[PDB]
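**Q** model this:
(5 chains, ligands or ions: 3)
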Amino acid sequence: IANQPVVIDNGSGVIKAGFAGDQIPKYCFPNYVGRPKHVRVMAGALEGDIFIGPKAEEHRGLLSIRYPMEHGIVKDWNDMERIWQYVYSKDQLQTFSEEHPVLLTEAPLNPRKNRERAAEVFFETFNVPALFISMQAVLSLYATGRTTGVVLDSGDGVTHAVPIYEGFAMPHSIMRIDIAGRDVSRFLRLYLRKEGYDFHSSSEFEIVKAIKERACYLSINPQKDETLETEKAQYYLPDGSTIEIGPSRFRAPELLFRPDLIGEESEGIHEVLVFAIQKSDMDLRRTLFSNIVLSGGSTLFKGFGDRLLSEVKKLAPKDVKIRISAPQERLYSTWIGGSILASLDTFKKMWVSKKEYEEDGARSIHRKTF
Amino acid sequence: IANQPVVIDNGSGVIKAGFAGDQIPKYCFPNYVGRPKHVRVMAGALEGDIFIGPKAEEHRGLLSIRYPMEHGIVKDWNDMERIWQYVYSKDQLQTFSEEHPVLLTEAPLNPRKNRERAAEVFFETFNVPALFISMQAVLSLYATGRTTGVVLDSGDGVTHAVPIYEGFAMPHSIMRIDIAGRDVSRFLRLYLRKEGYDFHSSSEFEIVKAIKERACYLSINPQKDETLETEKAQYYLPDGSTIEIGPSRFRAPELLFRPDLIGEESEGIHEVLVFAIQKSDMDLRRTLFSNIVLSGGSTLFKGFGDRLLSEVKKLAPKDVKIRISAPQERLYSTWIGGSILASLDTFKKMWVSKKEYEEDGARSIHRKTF
Amino acid sequence: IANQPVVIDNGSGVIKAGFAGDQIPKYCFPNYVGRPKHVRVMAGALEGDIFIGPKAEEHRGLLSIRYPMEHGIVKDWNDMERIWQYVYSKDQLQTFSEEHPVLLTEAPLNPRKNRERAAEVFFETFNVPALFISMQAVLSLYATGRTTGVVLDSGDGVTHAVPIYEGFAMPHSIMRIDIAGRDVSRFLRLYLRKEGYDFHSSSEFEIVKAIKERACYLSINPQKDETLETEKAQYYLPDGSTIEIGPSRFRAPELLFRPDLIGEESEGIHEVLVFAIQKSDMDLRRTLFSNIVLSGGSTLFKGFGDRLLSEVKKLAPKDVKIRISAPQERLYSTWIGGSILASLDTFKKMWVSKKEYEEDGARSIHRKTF
Amino acid sequence: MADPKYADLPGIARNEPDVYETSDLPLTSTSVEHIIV
Amino acid sequence: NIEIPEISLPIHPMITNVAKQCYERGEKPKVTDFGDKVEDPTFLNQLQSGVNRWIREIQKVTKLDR
Ligand SMILES: Nc1ncnc2c1ncn2[C@@H]1O[C@H](COP(=O)(O)OP(=O)(O)O)[C@@H](O)[C@H]1O
Ligand SMILES: Nc1ncnc2c1ncn2[C@@H]1O[C@H](COP(=O)(O)OP(=O)(O)O)[C@@H](O)[C@H]1O
Ligand SMILES: Nc1ncnc2c1ncn2[C@@H]1O[C@H](COP(=O)(O)OP(=O)(O)O)[C@@H](O)[C@H]1O
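**A** Numbers count the residues shown, from 1 in each chain, chains lettered A, B, ... in the order given. Ligands and ions are numbered 1, 2, ... in the order given. Now the structure:
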């Protein structure tokens, strides 16, 4: 028994959290940790070293922003502890980690050590009454209400497709590549350098993310538009300068459909969907093609869904109704799905109790991983 | 042993000193050693061979002036020792050099030897219990309330720009040129020689300073008064003579904005500030453009604020709001900040004890430089 | 028309020219346009009033100095046009710029506008029949006769590393940071200003470059020597003076291995090499670690290769054979390889003729450059 | 403030504007489907 | 129980007078309400002494440890 389950949606770029039963996540902020770079000289300065959340975003110039999680895998656990601890601070939740069971979203095909050490972190430093690690696609489909269909997500560090059949997420059809939002921003940074504009500071990579979020689009024809000179719209920096982008705005999110530009034998998003559908039972292909759900912030580019339809039509068999849905809460899909899932009475039997974790250990988590 | 620390504004043009906690510096005498030029014949004449401050300001004609410090770098240590002894003398403080902590300011980017020898004097000739060397930028922020800003001071010898944001100084963005009030006075002297009025003695050099402070202004435009060949405003000398100037009461202070007139490629004061801001981080530009602090006596010329605004406005990107806070205590801002800092208790942790220096030496001073 | 082609090897600090076939670039001169500061009076003095070449080195003090290429990016196209005309002048090659194909050189990952405008110059002002812009790594490999090996070079403005495996350039495994010899000279000037020897004039900066190129060594132990006492070896200026460098002679070239000293989050040269190797495949890292060809001007410091092997062994996995080869004339490696490449028979197909430029334009250059 | 304090020392400039300033001035759709018969 | 003491930090009574005057009407207290009283060096000197005493009192509690 506890108060209420807290759905903490992780993400390599933006963490999202709130209590279960909530409508929208009330607490969302970037998943980075910024510590100052300069020298504390004057007294009365910004006290404290590590900053997370709105304060780290505000005084962005001083920090040396780093990410503790990359490609859905935690690289530094200390920064993650401070991030989770920040989630439970007075600025976000104002609660205690002893009276709340925790729903935790997590990307597929990740190492066992993520669930194991993350569970140790929660049940030991936080001592939560109940932890429950789950997928992300299952939650997104629960958020849309329907039940069978694939889920195409592309967050900040991962991207995958999961063919879900009535909740049983088919584990033998989850294609997963590691080319997501942050990497698109990284490649955009490279193209900005090729344009002439240099951005290499860690607290400037964020400006590159801002440019990706408000100045890029997806060309329908990938090559016909490359053979033309666009209008070259400008961009206003926080500094007040001006950057004319040019061709570095459509080729930047082109990476998601062709990771040859980054030099990698992986596949595009369209191939992840088509391979995820084709590596399933032939009796469900039409049902999966009639139900595609997008989620994740990288599915917010202009002309994304339209280009995805064109690509899938080029790869799907002829005269099969393809249908891509795209709800208005792609950033909040996994969190809303967590709010629906954890607010049910079956969640009591679906979690892992603290007592159980102390009895068996990590094997209990891998046992009851679904 | 400590009671009311002694704040010393070791400025190359005028030394300002008093105790800690004092709202105003009680003793502001000029920084020069006056030695006589004419032999003493009559008994009962003036006593001593060294005149400092108020005495070397009334009997100026009898003296030959030797500035000890030039461009924030001490030349004759003997003279600085004598000036500091004058500070602790009966006519100035009546204290001992062993009962009070000493806060002695310093310009940024000075050589290490100044710090070393300054502490050697204050720890060997004077047996000061506590010594702390500071920056002449942080102190102005203290005495002006702000904690984020660009300190643009122009003392009599060295001008610089230090961008401090939220109490954090960004040392790599410090720009510093060695062209200030001395050069303006000296260049004014050359303009008087081109206008037929020579001055070569050291005692008459202060009359050139007097002309500068009482008759020099800055035109908003460098050519709207250049070819106009304006009126010749008269100005009286200390004897009763008459000097008409005309094209030198504005041509001499433009040496700060363009030191090409002195025959030295460097950057003007406006380029010092703008380059100090542009060298800082991308996110911190608007806050530094809206927080510009002025200090130093050379920032008292007429029309200085308007010229500084228009020059920065030309160099800053469009529509960026530029605010230049110009307090009325530009001469005593650094001292008042010193009186504030030494009145705190964190200063106790910030100084260097005598045994600290004895067991370590110069190393201890370079350790607590910031 | 296909005569002896001209191999122009650009460099942000020292240009290199000469015909294809010469074993040594017969015409080398620094890359700076010097123009006089002082007013000329005596009729019959130096003429042209824009000095480029050895005349700019013989009369350094008389003129101002401004570099037209910073970090491999051309900032002033007018000055580069004058420099290239000087390459074709009566003092360097004495030939016409239309009877010879030109082999230019560039640092990788440069902006496309440099390549565009550079070929615009070589095809519009100079009516060169054929131009072929190319990298530097490939050229140093043609010079050493090899076909494999990671080429690491630290020029005056660009420190990049491009790996090549049997003639297959890996474009995505290229690391380039703009922290080079010019910035080391600048950091040295900053430390000299912290010493007392404040060199500030533009023509005086070359003296700092000479001091860097002569009295500077890289200690193997970073913090051991970085925190201890020096010996203060004396150096003779061109004035006939004497300067005691001291501790800055070793802390100034440390910038190449840790750019945190200048306050810029980047990587050292060793991290550049290690990351450039690791970004490649898994079946090539052994051949790349066993074949490292140094080049570039700044890879001549005393005690440089020692520190590279130490840092690389700390970064590379254990028991991996690490070798570092280098040519004898390290300053003219790329030019020699350019002479070899341009003197081949495939160079007739490698270039871009003038008719090709008239048909397509910039697009043809971007196509045939890779 | 300390007005008599400023009367004491000689550098404090009165009747000069103390602050110089620059002038001032006053998501995608859903169900992107495509049938095929 | 050791029962750590408490300190009631005094305030200048004139400030409370004008504060209560701002409270009799619906209005937030502000610096502008004192008029030409802020410029009094006597008044500000009294205030400086009071805040200095406040710092003393708070240090009496913050430096405490057992
Ligand atoms: N409007 C936008 N256009 C393109 N990309 C965006 C946009 N908004 C956010 N992003 C990218 O999407 C990412 C958000 O996905 P995220 O919520 O992090 O997924 P997860 O939380 O599962 O990691 C952010 O990293 C951001 O880079
Ligand atoms: N009213 C004034 N107007 C213009 N310049 C002044 C005025 N008063 C003083 N100065 C100049 O400014 C200098 C003041 O020295 P200061 O700026 O305090 O140097 P430092 O900061 O090194 O003590 C004087 O030497 C004089 O050159
Ligand atoms: N003995 C030396 N020690 C250290 N650096 C040196 C020495 N000799 C030359 N250099 C550096 O070599 C650089 C020249 O490199 P350069 O061949 O011009 O590269 P690029 O041609 O790519 O510009 C100069 O900037 C100088 O700093």
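**Q** all contacts plus neighbour counts: C-alpha atoms, from now on.
**A** OK.
**Q** Name the residue closest to the centre of chain D, please.
**A** Among the residues of chain D, the one closest to the centroid is residue D:24, at 8.5 Å (CA atoms, centre = their mean).
**Q** Spatially, what comes nearest to that one if we skip its sequence neighbours?
**A** residue B:321 (7.3 Å; CA to CA, 6 or more residues apart in numbering or on different chains).
**Q** Check residue A:280 too.
**A** residue A:173 (6.1 Å).
**Q** Can you read off the backbone torsions of that neighbour?
**A** Note on residue A:173: backbone dihedrals following degrees, to the nearest 10 are phi -140, psi 20.
**Q** State the three-state secondary structure for residue A:274.
**A** What DSSP: H, G, I helix; E, B strand; the rest coil gives for residue A:274 is helix.
**Q** and it, how far is that from residue A:262?
**A** According to CA to CA, to the nearest Å, residue A:274 and residue A:262 sit 22 Å apart.
**Q** Have a look at the chain and report its longest helix.
**A** Reading this off chain A. If you go by DSSP state H, chain A has its longest helix at helix A:181-195.
**Q** actually chain E
**A** Counting by DSSP H, the longest helix found in chain E is helix E:41-62.
**Q** so what secondary structure elements neighbour whichever helix or strand residue A:214 is part of?
**A** Counting by DSSP states H and E, the element that carries residue A:214 is helix A:205-215. Other elements packing on helix A:205-215 under the criterion 3 or more CA pairs under 8 Å, 6 or more residues apart in numbering or on different chains; DSSP states H and E are helix A:181-195.
**Q** Okay, helices next: where are they in chain D?
**A** D:3-8.
**Q** Which positions in it make contact with ligand 2?
**A** Applying CA under 6 Å from any ligand atom, we find that chain D lies next to ligand 2 at residue D:11.
**Q** what about the strands in chain D?
**A** Here chain D has its strands, by DSSP state E, at D:19-21, D:32-34.
**Q** The longest helix of chain E: which residues count as buried?
**A** Within helix E:41-62, the residues scored as buried using 16 or more other CA atoms under 10 Å in any protein chain shown are E:50, E:51, E:54.
**Q** before we move on, back to that, the longest helix of chain A and chain C in contact?
**A** Yes. Remark: helix A:181-195 sits within contact range of chain C at A:193, A:194, A:195, by CA under 8 Å from any CA of the partner chain.
**Q** Give me the buried subset of those residues.
**A** By 16+ other CA under 10 Å, the residues of helix A:181-195 next to chain C give A:193, A:194, A:195 as buried.
**Q** Columns distance to ligand 3 on top of the residues you listed, output as TSV?
**A** Below are those laid out as TSV (distance: CA to the nearest ligand atom, whole Å):
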residue	distance to ligand 3
A:193	19
A:194	19
A:195	21
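**Q** from those residues, which is closest to residue A:133?
**A** residue A:193 (40.1 Å; CA to CA).
**Q** Hmm, the closest one is touching residue C:112, no?
**A** No. The criterion here is CA atoms under 8 Å, and residue A:193 misses it with residue C:112 at 9.4 Å.
**Q** Could you find the closest non-adjacent residue to residue A:204?
**A** Closest residue to residue A:204 apart from its sequence neighbours, by CA to CA, 6+ apart: residue B:282 at 7.1 Å.
**Q** show me the contacts for whatever residue of the stretch 51-200 of chain A ends up closest to chain C.
**A** Per CA to the nearest CA, residue A:194 is where the stretch 51-200 of chain A lies closest to chain C, at 4.2 Å. Contacts for residue A:194 (CA atoms under 8 Å, 6 or more residues apart in numbering or on different chains) come out as C:109, C:110, C:111, C:112.
**Q** need the contact list for the third one.
**A** Contacts here follow CA under 8 Å, 6+ apart; on that basis residue C:111 touches A:193, A:194, A:195, A:196, C:73.
**Q** Ok, the first one next?
**A** With contacts defined as CA under 8 Å, 6+ apart, residue C:109 is in contact with A:193, A:194, C:176.
**Q** same thing but 10 Å
**A** Residues in contact with residue C:109, defined by CA atoms under 10 Å, 6 or more residues apart in numbering or on different chains, are A:190-191, A:193-194, A:196, C:72, C:135, C:160, C:171, C:174-177.
**Q** all strands for the stretch 1-150 of chain A, in order.
**A** Secondary structure of the stretch 1-150 of chain A (DSSP state E, counting those that start in this stretch): strands located at A:6-9, A:14-19, A:27-30, A:39-40, A:69-70, A:73-74, A:102-105, A:130-134, A:149-154.
**Q** Mind checking the ones you listed for the one nearest to ligand 1?
**A** Ligand 1 sits nearest to strand A:14-19 of all the strands of the stretch 1-150 of chain A, at 4.2 Å, using CA to the nearest ligand atom.
**Q** What residues does chain A have near ligand 1?
**A** Counting by CA under 6 Å from any ligand atom, the positions of chain A adjacent to ligand 1 are A:10-15, A:155-156, A:181-182, A:209, A:212-213, A:296-298, A:300-301, A:331.
**Q** so which of the residues you listed also contact ligand 2?
**A** Okay, of these, nothing touches ligand 2 (CA under 6 Å from any ligand atom).
**Q** If any of these are buried, put those into a ChimeraX selection.
**A** Buried residues within the residues of chain A next to ligand 1, by 16+ other CA under 10 Å, are selected in ChimeraX with:
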select /A:10,11,12,13,14,15,155,156,181,182,209,212,213,296,297,298,300,301,331
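**Q** And stretch A:283-296, what's buried?
**A** Neighbour counts over stretch A:283-296 (16+ other CA under 10 Å) mark A:284, A:285, A:287, A:288, A:289, A:290, A:291, A:292, A:293, A:294, A:295, A:296 as buried.
**Q** For the most centrally placed residue in chain A, give me its contacts.
**A** Central residue of chain A (CA atoms, centre = their mean): residue A:155, 3.0 Å from the mean position. Applying CA under 10 Å, 6+ apart, we find residue A:155 in contact with A:11-14, A:71-72, A:107, A:178-182, A:295-299, A:330-331.
**Q** What count of nearby residues applies to the nearest residue to residue D:31 once chain neighbours are set aside?
**A** Leaving aside its sequence neighbours, residue D:31 sits nearest to residue A:325 (CA to CA, 6+ apart; 4.1 Å). By other CA atoms under 10 Å in any protein chain shown, the residues close to residue A:325 number 20.
**Q** before we move on, what about residue A:314?
**A** Residues near residue A:314, counting by other CA under 10 Å, number 11.
**Q** any idea whether residue A:225 is helix, strand or coil?
**A** coil.
**Q** Quick check: the closest residue to it other than its chain neighbours vs residue A:114, distance?
**A** Using CA to CA, 6+ apart and skipping the chain neighbours, the partner closest in space to residue A:225 is residue A:219 (6.7 Å). Between residue A:219 and residue A:114 the computed distance is 37 Å (CA to CA).
**Q** Many thanks, we can stop here.
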